[PDB]
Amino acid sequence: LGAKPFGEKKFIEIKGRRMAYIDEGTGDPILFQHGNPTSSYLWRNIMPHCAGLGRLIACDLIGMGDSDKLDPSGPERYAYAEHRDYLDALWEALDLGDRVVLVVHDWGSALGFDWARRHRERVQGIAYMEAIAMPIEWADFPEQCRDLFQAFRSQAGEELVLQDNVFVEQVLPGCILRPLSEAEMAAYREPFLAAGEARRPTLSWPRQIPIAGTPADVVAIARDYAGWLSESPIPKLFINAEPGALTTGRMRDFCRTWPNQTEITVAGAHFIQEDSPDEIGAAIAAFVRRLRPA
């Protein structure tokens, strides 16, 4: 459980914007994708567990981490489709080959599940945790935060997030069981220090969650990857959490029906990487060991 980032940041130009990523080691990729409101930093205590098992890659989504901000920015910016445009292009640029192990969290799971559906022959295994595995209803959403996420989706969201930064300053530490040090919180705050559109990714993301049918485009995307994952023979590792947040109740029951799946449970709420990184890392390394027998 340490505060230092993992690896060296590297940069690739995508569509006029510089995108930042970690790419350590050699071999077939193990591709770790963060969601909201995090960055490659989320995985810093987990990626070392896979040392020597492949290329250890963690990309910063556009507008997040050390990847450039989009300008102009406004309520239309940083939707799922736009993130997928940038991330598809970066993943193409990284020359990943056809034995990718995906390790995904939160919106990283919506992006990674959809990429895997579209590139299924190229995916050797999928490890996922606190994921958006299917469209949901509000009743599925954690009770502790249902009102706040409704408010992000409303016109309240601009003040709450762009002015007050509540997703970074309150949702993120409130969905970690242990207290963060100032350096850890600073690494999460860093991309979003500035009021206004610098914080737009952390407001656009809750507006994309497929809940009660809207927004319809993301609902259709998640419908598609849910139906595909539930019948896919690709090896899976489900990293369950207690108490958990998002992958609980009926969604957790759904994920437990997926084929070719192993499971572990760790302590954590939503950003479980900060509570149990070594247990998560050890499960992923064992999974990759099995998929890549030495």
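Don't overthink the numbering: it's just position in the shown sequence, from 1.
J.: Highest mean C-alpha temperature factor of the two stretches 173-181 and 85-93, which is it?
T.: It is 173-181 that shows the higher mean C-alpha B-factor.
J.: Per the record, averaged over C-alpha atoms, which has the higher B-factor: 63-71 or 46-54?
T.: The stretch with the larger mean CA B-factor is 46-54.
J.: Out of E190, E76, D98, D224, which residue has the highest Cα temperature factor in the PDB record?
T.: Reading the PDB entry, the winner on C-alpha B-factor is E76.
J.: In terms of the CA temperature factor given in the entry, to which third of its chain does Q163 belong: lowest, middle or highest?
T.: According to the entry, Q163 has a C-alpha B-factor in the chain's middle third.
J.: Ranking every modelled residue in this chain by its Cα temperature factor as given in the entry, which third contains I30?
T.: It falls in the bottom third of the chain.
J.: Tell me, lowest, middle or highest third: where does the Cα B factor of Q150 rank within its chain?
T.: Middle third.
J.: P235: which third of its chain by C-alpha temperature factor?
T.: Middle third by C-alpha B-factor.
J.: Rank-wise, by C-alpha B-factor, drop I12 into the lowest, middle or highest third of its chain.
T.: Its C-alpha B-factor, which the entry lists for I12, ranks in the highest third among residues of this chain.
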